[PDB]
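Residue numbers (the authors' numbering), protein chains in the order written: chain b, 512 to 544, 563 to 664; chain a, 512 to 544, 563 to 664; chain c, 512 to 544, 563 to 664; chain e, 32 to 140, 150 to 309, 312 to 323, 323A, 324 to 359, 361 to 395, 397 to 403, 403A to 403C, 404 to 405, 408 to 461, 464 to 505. Beta carbons: idealized from backbone N, C-alpha and C, even for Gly. Right, one structure below, let's go through it.
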Amino acid sequence: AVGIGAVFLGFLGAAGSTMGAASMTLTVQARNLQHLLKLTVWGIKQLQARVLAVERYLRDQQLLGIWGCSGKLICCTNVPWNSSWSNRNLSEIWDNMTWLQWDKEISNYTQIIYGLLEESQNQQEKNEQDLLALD
Amino acid sequence: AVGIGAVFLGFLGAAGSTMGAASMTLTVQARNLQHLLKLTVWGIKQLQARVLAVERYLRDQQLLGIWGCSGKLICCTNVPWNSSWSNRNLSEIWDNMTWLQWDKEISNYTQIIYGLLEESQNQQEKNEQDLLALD
Amino acid sequence: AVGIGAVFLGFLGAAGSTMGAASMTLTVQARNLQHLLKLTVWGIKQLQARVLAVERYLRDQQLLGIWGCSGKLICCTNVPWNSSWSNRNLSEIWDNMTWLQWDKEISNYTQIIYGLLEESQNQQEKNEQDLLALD
Amino acid sequence: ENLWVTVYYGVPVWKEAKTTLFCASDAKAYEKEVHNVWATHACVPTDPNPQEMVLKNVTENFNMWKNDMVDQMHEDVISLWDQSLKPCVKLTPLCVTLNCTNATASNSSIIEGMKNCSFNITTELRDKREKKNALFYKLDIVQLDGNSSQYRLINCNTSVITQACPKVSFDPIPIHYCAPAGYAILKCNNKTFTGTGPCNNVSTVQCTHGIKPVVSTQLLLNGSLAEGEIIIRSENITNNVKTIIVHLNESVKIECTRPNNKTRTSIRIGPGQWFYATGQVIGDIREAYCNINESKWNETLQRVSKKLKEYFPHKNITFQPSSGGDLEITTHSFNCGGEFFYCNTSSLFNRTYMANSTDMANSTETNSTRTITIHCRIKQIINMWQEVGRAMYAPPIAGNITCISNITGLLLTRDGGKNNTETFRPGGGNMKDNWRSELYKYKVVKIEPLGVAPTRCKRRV
Ligand SMILES: *[C@@H]1O[C@H](CO)[C@@H](O[C@@H]2O[C@H](CO)[C@@H](O[C@@H]3O[C@H](CO[C@H]4O[C@H](CO)[C@@H](O)[C@H](O)[C@@H]4O)[C@@H](O)[C@H](O[C@H]4O[C@H](CO)[C@@H](O)[C@H](O)[C@@H]4O)[C@@H]3O)[C@H](O)[C@H]2NC(C)=O)[C@H](O)[C@H]1NC(C)=O
Ligand SMILES: *[C@@H]1O[C@H](CO)[C@@H](O[C@@H]2O[C@H](CO)[C@@H](O[C@@H]3O[C@H](CO[C@H]4O[C@H](CO)[C@@H](O)[C@H](O)[C@@H]4O)[C@@H](O)[C@H](O[C@H]4O[C@H](CO)[C@@H](O)[C@H](O)[C@@H]4O)[C@@H]3O)[C@H](O)[C@H]2NC(C)=O)[C@H](O)[C@H]1NC(C)=O
Ligand SMILES: *[C@@H]1O[C@H](CO)[C@@H](O[C@@H]2O[C@H](CO)[C@@H](O[C@@H]3O[C@H](CO)[C@@H](O[C@@H]4O[C@H](CO)[C@@H](O)[C@H](O)[C@H]4NC(C)=O)[C@H](O)[C@@H]3O)[C@H](O)[C@H]2NC(C)=O)[C@H](O)[C@H]1NC(C)=O
Ligand SMILES: *[C@@H]1O[C@H](CO)[C@@H](O[C@@H]2O[C@H](CO)[C@@H](O[C@@H]3O[C@H](CO)[C@@H](O)[C@H](O)[C@@H]3O)[C@H](O)[C@H]2NC(C)=O)[C@H](O)[C@H]1NC(C)=O
Ligand SMILES: *[C@@H]1O[C@H](CO)[C@@H](O[C@@H]2O[C@H](CO)[C@@H](O[C@@H]3O[C@H](CO)[C@@H](O)[C@H](O)[C@@H]3O)[C@H](O)[C@H]2NC(C)=O)[C@H](O)[C@H]1NC(C)=O
Ligand SMILES: *[C@@H]1O[C@H](CO)[C@@H](O[C@@H]2O[C@H](CO)[C@@H](O[C@@H]3O[C@H](CO)[C@@H](O)[C@H](O)[C@@H]3O)[C@H](O)[C@H]2NC(C)=O)[C@H](O)[C@H]1NC(C)=O
Ligand SMILES: *[C@@H]1O[C@H](CO)[C@@H](O[C@@H]2O[C@H](CO)[C@@H](O[C@@H]3O[C@H](CO)[C@@H](O)[C@H](O)[C@@H]3O)[C@H](O)[C@H]2NC(C)=O)[C@H](O)[C@H]1NC(C)=O
Ligand SMILES: *[C@@H]1O[C@H](CO)[C@@H](O[C@@H]2O[C@H](CO)[C@@H](O)[C@H](O)[C@H]2NC(C)=O)[C@H](O)[C@H]1NC(C)=O
Ligand SMILES: *[C@@H]1O[C@H](CO)[C@@H](O)[C@H](O)[C@H]1NC(C)=O
Ligand SMILES: *[C@@H]1O[C@H](CO)[C@@H](O)[C@H](O)[C@H]1NC(C)=O
Ligand SMILES: *[C@@H]1O[C@H](CO)[C@@H](O)[C@H](O)[C@H]1NC(C)=O
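Put into structure tokens, the structure is as follows:
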């Protein structure tokens, strides 16, 4: 394919530009895409790492499937977000922080948010399914 | 990194016995996610299997795409269960049989069911042109 | 047994002669599914090959993903084609062209077309979500 | 107006994380010339390629004391000594006596207690055992029996008795650590090279450039040169006495070796074991006789008092010679791969420093050229690794050797720092703190490729 631009998958290079700006950069960063002896020994470890990267990427991709999202990079859901933890309002998020502070604004509640994404995705099938299950 | 559930993917072990509890909790059953020169060979051979297991997993993803169930974990389509399939009945399957039993019942019809899915998916695509063929 | 252009790229290396029926057959083709010391070195490059195939295939599927289709080995859009890149009658394309002719009578409009696909996709999925946005 | 949830993938974010890492290493410093050797083992050849992308507008937190890599490579590496634990010779697992007054060799040596000696109370008390003999210096004459002592083999009294025989290698190869996939290594830079708190010109790599082992009690050496002046590092520099380190512009040399010759008389001892009974008196007249280009030392202290004026205002300031205890605490340390040695930082380093509107009194000397000479000790029976019950009688090497070094930094402590003439000594620190050197440049992170935010877009149903 190509020589490594410092980072492989995850492709990190818009680092700490504005979150609002990052959405363009991100969508673009998608849109483009001993003689022989101990040096052949070494020739496993980086490949094993290449496989582990794929293992992580696929393991973590499966989660998006549970959230009902397909790598369609802007998946949205009528779980509300409802302000009261960092409260900033829209521009006051996306024009200020890096994502490398949005984590320090919010981690933790994440472990409930995954559940909101699960049970809401199950609701967005159930709440049609039960109206078909009238007969 | 992580342990094993029969296989490093697919994660058999929560067998559930009754298909009822197993299906009604299927989400959590994955959402929980010479000195040493011969260490070359003792990396190579399981690496081969490890890679080819991901290739097996991709065969599965191909079928799921073929049925229009990409990234889904429970899925359905148009096709009816049209009467002649064993009559074991909803209220008389899950509560009194196991996944291994259900295969040992159902093994006859597999390719036929798969073909019925294939046909129905391919029809469901063009059926929308009954409304949308305005030009 | 499994389909083969490469070990799973291009699900038959041999083309079905004709951009009509061969396209339908491809979906069904996807549906049907010393000596030792330097030999432990020979066991590298085929590994690299299988890994590269996965790498390419996933980059490819990501481009389909941003275009708002996945799996779907044929997929439809809402992008127009304004009657001016060869205009060969559609049966005559299907019946008289291989893709290895559309490769020459058409092609290198590709970048523009990829643009149209992406831009339309994003703008469309925003339209519905914008029409839904009011509260 | 209202909001809803949305999720993104490829989001630029990471978090700091403990992990193992895997190592690149020199491609030829080991080869088929060294079968099964521990330096030949495990970690891979060298990578020429470490790229970067800039953190434009973007900065990150660091703390060299907190970082786990010190443990990561304090682990792995010491297993060389675990591989080196060869068995005791049949003659000496017990505390044998030895008999001599002058040497068994043709003379006792020109300097100190080198009075070589036979084993005598030796298992069977038999010629096959008592004919065998050892090189002497110092700890080897320790008292056993009464007056007119038959001297103690001291190595018996500790949990491991062993020798790392001369086939073993100790070459300080540059390792080049790289983090596993999805982890990444971040490199701090600015002229403000402090190594804790925020950092501005922070930078990205797949792997570090080469960094090398070192084995010093007081003066760090033979490695990573500084960026263009001198600097000091501490956990909490406000502290009374907790360990301080100093990093140097210009590698001042140490100009000496101890070339006192003893011949290659190794023996296939006892039941077919091996021992290194080096004898004869050709080249016996020789000593360490150590020297330094004084001005190239003097510059550091005379600058350092200004640096210390920023940390401890207006006071007269002082160094004194190194703290007491064993010779090791009393000294700077090395072995060439030939003899274990310990120079007198407990005589040297004795200077006061004026710090008013000063133009005087900050040095050893001023305006002479001249250089200096210094004197230093040897210890041939060693608690070979500190903080373990392991000890060795060292195997010697003939003639002069290709050895000398130059100094990258000081290991330091602020002993007595509650009164004017504000006081310091060379030495202190964990044995670990050798490996603080350069590692202040780095931290290790794990990538987290997805995240969640509010939006105006209400999803389809
Ligand atoms: C570590 O290693 C470095 C590099 O080997 C050593 O040298 C540094 O070298 C630079 C360049 O020569 C030194 O900077 C120079 O300092 C001179 C003295 O400055 C004092 O006196 C002047 C009047 O002469 C005062 O104005 C000033 O405030 C100071 O009190 C200056 O004479 C030099 O001026 C030149 O540069 C300027 C700036 O670009 C030009 O405009 C002028 O025309 C002129 O050409 C110059 O600034 C520097 O001092 C050295 N660094 C240090 C920290 O010493 C180090 O010496 C060595 N050791 C240490 C401890 O770092
Ligand atoms: C700091 O960095 C310096 C510079 O690299 C190191 O000193 C060099 O060390 C290497 C490796 O030993 C020397 O190169 C080779 O040494 C062999 C002799 O080994 C003895 O010396 C080492 C210590 O250096 C002992 O550990 C060991 O037990 C042995 O007693 C020679 O056989 C090699 O010979 C080849 O080169 C010579 C010319 O040098 C030719 O005449 C020969 O024909 C042959 O081609 C080789 O010399 C190197 O010489 C050392 N240089 C200096 C300036 O000392 C330090 O070890 C390192 N560490 C510290 C803490 O300072
Ligand atoms: C303390 O020990 C360290 C480590 O041994 C010493 O570090 C550095 O040592 C070198 C060589 O003694 C000094 O001299 C310069 O070295 C470079 C690199 O060799 C030379 O540049 C070019 O290098 C290539 C490849 O080697 C060569 O083909 C070229 O011919 C050569 N020259 C040119 C013009 O291209 C350069 O000419 C110098 O010879 C370094 O100065 C020194 N490092 C630093 C940062 O100073 C260190 O010298 C030593 N100090 C003391 C007092 O003992
Ligand atoms: C995310 O969750 C944690 C709690 O799980 C939030 O608080 C952090 O919790 C740790 C452990 O309790 C705190 O450390 C401890 O603090 C006490 C009191 O200062 C000290 O005595 C202990 O020795 C220990 O250091 C930590 O300080 C605390 N952090 C903060 C900033 O409050 C955390 O705040 C949550 N994240 C956010 C952004 O809300
Ligand atoms: C499809 O299901 C059948 C039954 O579960 C699987 O076994 C085969 O079944 C037939 C019909 O019973 C057997 O033929 C004959 O059946 C009569 C009545 O049972 C019996 O008296 C005869 O002796 C004879 O068995 C057939 O022999 C049997 N096959 C075997 C190897 O025992 C069949 O294998 C399933 N096929 C698939 C693809 O799932
Ligand atoms: C890509 O689309 C262009 C039209 O947009 C197709 O034609 C272009 O035609 C000119 C004139 O023939 C090419 O210039 C030169 O022509 C001579 C003679 O044919 C040839 O020897 C030169 O090597 C050069 O091709 C022009 O390059 C060509 N454009 C491109 C990008 O090839 C063209 O047929 C389409 N090509 C493909 C590969 O789809
Ligand atoms: C200890 O180190 C000092 C400082 O390096 C040595 O003294 C002086 O060193 C400088 C270079 O740093 C010498 O300068 C050179 O002199 C020649 C003419 O002799 C000239 O052509 C060059 O352009 C350069 O200026 C200087 O001569 C030297 N002075 C003296 C009196 O030695 C000192 O030699 C070192 N001593 C030892 C034993 O290491
Ligand atoms: C030279 O080395 C000796 C060790 O062989 C140093 O020994 C002691 O060191 C401490 C710390 O400096 C002093 O408090 C002791 O008084 C020293 N004891 C003796 C017997 O000297 C010694 O300090 C060094 N020589 C000099 C002159 O300082
Ligand atoms: C949203 O509502 C929950 C309760 O449903 C509340 O705990 C939380 O603080 C609110 N704010 C955010 C940003 O989640
Ligand atoms: C469904 O209909 C087919 C004919 O279309 C018939 O052969 C079959 O027995 C029916 N039942 C099932 C469950 O396939
Ligand atoms: C469509 O028209 C545009 C100009 O509007 C032209 O560039 C393009 O070549 C035409 N062809 C097709 C099939 O879109």
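Should c:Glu584 be flagged as near chain b, meaning a C-beta pair shorter than 8 angstroms?
In the third sequence, counting from the first residue as 1, residue 584 of chain c sits at position 55. Yes, contact with chain b.
Checking the sheet assignment: what are the DSSP bridge partners for e:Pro76?
Translated into the one-based positions of the fourth sequence, residue 76 of chain e becomes position 45. Paired residues: none, contrary to the question.
Are the C-beta atoms of e:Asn280 and some chain a residue less than 8 angstroms apart?
To locate residue 280 of chain e, count along the fourth sequence from 1; it is residue 240. Not one chain a Cβ lies under 8 angstroms of e:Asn280.
I need the straight-line Cα distance from a:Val580 to a:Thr536, nearest angstrom please.
Here residue 580 of chain a is taken as the residue at index 51 of the second sequence, counted from 1. Here residue 536 of chain a is taken as the residue at index 25 of the second sequence, counted from 1. In a straight line, the C-alpha of a:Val580 is about 29 angstroms away from that of a:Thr536.
Please report how far the alpha carbon of e:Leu165 lies from the alpha carbon of e:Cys131, in whole angstroms.
Within the fourth sequence, numbered from 1, the residue matching residue 165 of chain e stands at position 125. Within the fourth sequence, numbered from 1, the residue matching residue 131 of chain e stands at position 100. Each residue's Cα considered, the two are about 16 angstroms apart.
Could you check whether the Cβ of c:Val580 sits closer than 8 angstroms to any Cβ belonging to chain a?
For the purposes of this step, residue 580 of chain c is taken as residue 51 along the third sequence, with counting starting at 1. Chain a, which has a Cβ nearer than 8 angstroms to the Cβ of c:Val580, makes this yes.
Taking e:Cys228 as the query, report the chain b residues whose CB atoms sit under 9 angstroms from its CB, ordered along the chain.
Translated into the one-based positions of the fourth sequence, residue 228 of chain e becomes position 188. Those within 9 angstroms of e:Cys228 in chain b number zero; the least Cβ separation is about 15 angstroms.
Would a C-beta distance cut-off of 8 angstroms place b:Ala578 and c:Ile595 closer than the cut-off?
By 1-based counting over the first sequence, the position of residue 578 of chain b is 49. By 1-based counting over the third sequence, the position of residue 595 of chain c is 66. Not in contact: b:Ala578 and c:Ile595 (Cβ atoms no closer than 8 angstroms).
Would e:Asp180 be called buried (16 or more neighbouring beta carbons within 10 Å of its own) or exposed?
Working through the fourth sequence from its first residue, we reach residue 180 of chain e at position 140. e:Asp180 should be labelled buried.
For the stretch 602 to 628 of chain b, which residues have a beta carbon sitting closer than 8 angstroms to at least one beta carbon of chain c?
Those residues of the stretch 602 to 628 of chain b that come within reach of chain c (Cβ to Cβ, closer than 8 angstroms) are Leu602, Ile603 and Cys605.
Using a Cβ-Cβ cut-off of 8 angstroms, state whether b:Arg588 counts as contacting chain a.
Within the first sequence, residue 588 of chain b is the residue found at index 59, counting from 1. Cβ-Cβ to chain a under 8 angstroms: yes for b:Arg588.
Should the stretch 184 to 196 of chain e be called in touch with the stretch 223 to 234 of chain e, which here means at least 3 C-beta pairs below 8 angstroms?
No: fewer than three Cβ pairs fall under 8 angstroms.
Would you give the residue range spanned by the alpha helix (DSSP H) that b:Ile573 belongs to?
Counted from its first residue, the first sequence places residue 573 of chain b at position 44. b:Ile573 -> alpha helix (DSSP H) spans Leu566 to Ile595.
Ends of the alpha helix (DSSP H) at a:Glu647?
Along the second sequence, read from residue 1 onward, the residue named residue 647 of chain a stands at position 118. It spans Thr639 to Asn656 - the alpha helix (DSSP H) in which a:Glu647 sits, taken as one unbroken run.
Which residues have a Cβ closer than 5 angstroms to any heavy atom of ligand 8, listed in chain order?
Ordered along the chain, the selected set is e:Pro363, e:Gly366, e:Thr372, e:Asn386, e:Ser388 and e:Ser389.
Report the rounded CA-to-CA distance for e:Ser137 versus e:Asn156, giving the unit in angstroms.
Position 106 of the fourth sequence, counted from the start, is the residue given in the question as residue 137 of chain e. Position 116 of the fourth sequence, counted from the start, is the residue given in the question as residue 156 of chain e. C-alpha separation (whole angstroms): 10 angstroms.
In whole angstroms, give me the CA-to-CA distance for a:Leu602 and b:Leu593.
Here the question's residue 602 of chain a lines up with position 73 in the second sequence. Here the question's residue 593 of chain b lines up with position 64 in the first sequence. Near 11 angstroms, if we compare the C-alpha coordinates of b:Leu593 and a:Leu602.
Could you tell me which residues DSSP pairs with e:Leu261 in its beta bridges?
Translated into the one-based positions of the fourth sequence, residue 261 of chain e becomes position 221. Per DSSP, e:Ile449.
Cβ-heavy atom distance between b:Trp628 and ligand 10 below 7 angstroms?
Along the first sequence, read from residue 1 onward, the residue named residue 628 of chain b stands at position 99. Flag unset: Cβ of b:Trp628 not near ligand 10.
Reducing DSSP to helix, strand and coil, say where e:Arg166 ends up.
Against the fourth sequence, residue 166 of chain e aligns to sequence position 126. The answer is coil: DSSP assigns e:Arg166 none of H, G, I, E or B.
Below 8 angstroms, how does it come out for the stretch 420 to 435 of chain e and the stretch 230 to 248 of chain e: are there three or more Cβ pairs, yes or no?
Segments in contact, no.
Is the beta carbon of c:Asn618 within less than 7 angstroms of some heavy atom of ligand 5?
Taking the third sequence and counting its residues from 1, the one referred to as residue 618 of chain c is at position 89. c:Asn618: no, Cβ never under 7 angstroms from ligand 5.
Along the chain, where does the beta strand (DSSP E) that runs through residue 17 of chain e open and close?
Any property of residue 17 of chain e remains undetermined from this structure, which presents chain e solely from 32 to 505.
Cβ of b:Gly594 less than 8 angstroms from any chain e Cβ?
Locating residue 594 of chain b in the first sequence gives position 65, counting from the first residue. With 8 angstroms as the cut-off, b:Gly594 does not count as an interface residue toward chain e.
Using CA atoms only, rank isn't needed, just tell me which of e:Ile109, e:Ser481, e:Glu83 and e:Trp96 is closest to e:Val286.
One-based indexing of the fourth sequence puts residue 286 of chain e at position 246. Of the candidates e:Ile109, e:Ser481, e:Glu83 and e:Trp96, the one whose C-alpha sits nearest the C-alpha of e:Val286 is e:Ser481.
Since I believe e:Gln246 is in contact with b:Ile573 (beta carbons under 8 angstroms), could you give me their beta-carbon distance rounded to a whole number of angstroms?
Residue mapping note: residue 573 of chain b aligns to position 44 of the first sequence, counting from 1. Residue mapping note: residue 246 of chain e aligns to position 206 of the fourth sequence, counting from 1. Between e:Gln246 and b:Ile573 the Cβ distance is about 17 angstroms, and since that is not below 8 angstroms, they are no contact.
Using a Cβ cut-off of 7 angstroms, which residues of the stretch 633 to 652 of chain c contact any Cβ in chain b, in chain order?
The stretch 633 to 652 of chain c vs chain b, Cβ under 7 angstroms: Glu647.
Kindly indicate if chain a contains any beta-carbon less than 8 angstroms away from that of c:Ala532.
By one-based count along the third sequence, residue 532 of chain c stands at place 21. Taking Cβ atoms only, chain a never reaches closer than 8 angstroms to c:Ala532, which makes this a no.
Cβ closer than 9 angstroms: which chain a residues qualify as neighbours of b:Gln540?
Within the first sequence, residue 540 of chain b is the residue found at index 29, counting from 1. Near b:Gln540 there are no residues of chain a at all, since even the closest Cβ is about 22 angstroms away, more than 9 angstroms.
Taking the alpha-carbon positions, what's the e:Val254 to c:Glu584 distance?
Against the fourth sequence, residue 254 of chain e aligns to sequence position 214. Against the third sequence, residue 584 of chain c aligns to sequence position 55. Between e:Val254 and c:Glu584, the C-alpha separation is close to 42 angstroms.
Rounded to the nearest angstrom, how far is the Cβ of e:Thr415 from that of e:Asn332, given a contact under 8 angstroms?
Within the fourth sequence, residue 415 of chain e is the residue found at index 373, counting from 1. Within the fourth sequence, residue 332 of chain e is the residue found at index 291, counting from 1. Yes, they are in contact, since the Cβ atoms of e:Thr415 and e:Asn332 sit about 5 angstroms apart, within 8 angstroms.
Quick check: is any heavy atom of ligand 3 less than 7 angstroms from the C-beta of e:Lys460?
For the purposes of this step, residue 460 of chain e is taken as residue 418 along the fourth sequence, with counting starting at 1. No.
Please indicate yes or no: does the CB of e:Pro212 lie closer than 7 angstroms to some heavy atom of ligand 2?
Residue numbering aside, residue 212 of chain e sits at position 172 when the fourth sequence is read from its first letter. Yes, the Cβ of e:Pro212 comes within 7 angstroms of a heavy atom of ligand 2.
With 16 other CB atoms within 10 Å as the buried threshold, where does residue 19 of chain e fall?
With chain e covering 32 to 505 only, the question about residue 19 of chain e has no answer from this structure.
If we define contact as Cβ-Cβ less than 8 angstroms, is a:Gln591 a contact residue for chain c?
What you label residue 591 of chain a is simply residue 62 of the second sequence in a count that begins at 1. By this cut-off, a:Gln591 is an interface position.
Let me know the secondary structure DSSP gives c:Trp623 once reduced to three states.
For the purposes of this step, residue 623 of chain c is identified with residue 94 of the third sequence, where counting begins at 1. DSSP places c:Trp623 in helix when its eight states are reduced to three.
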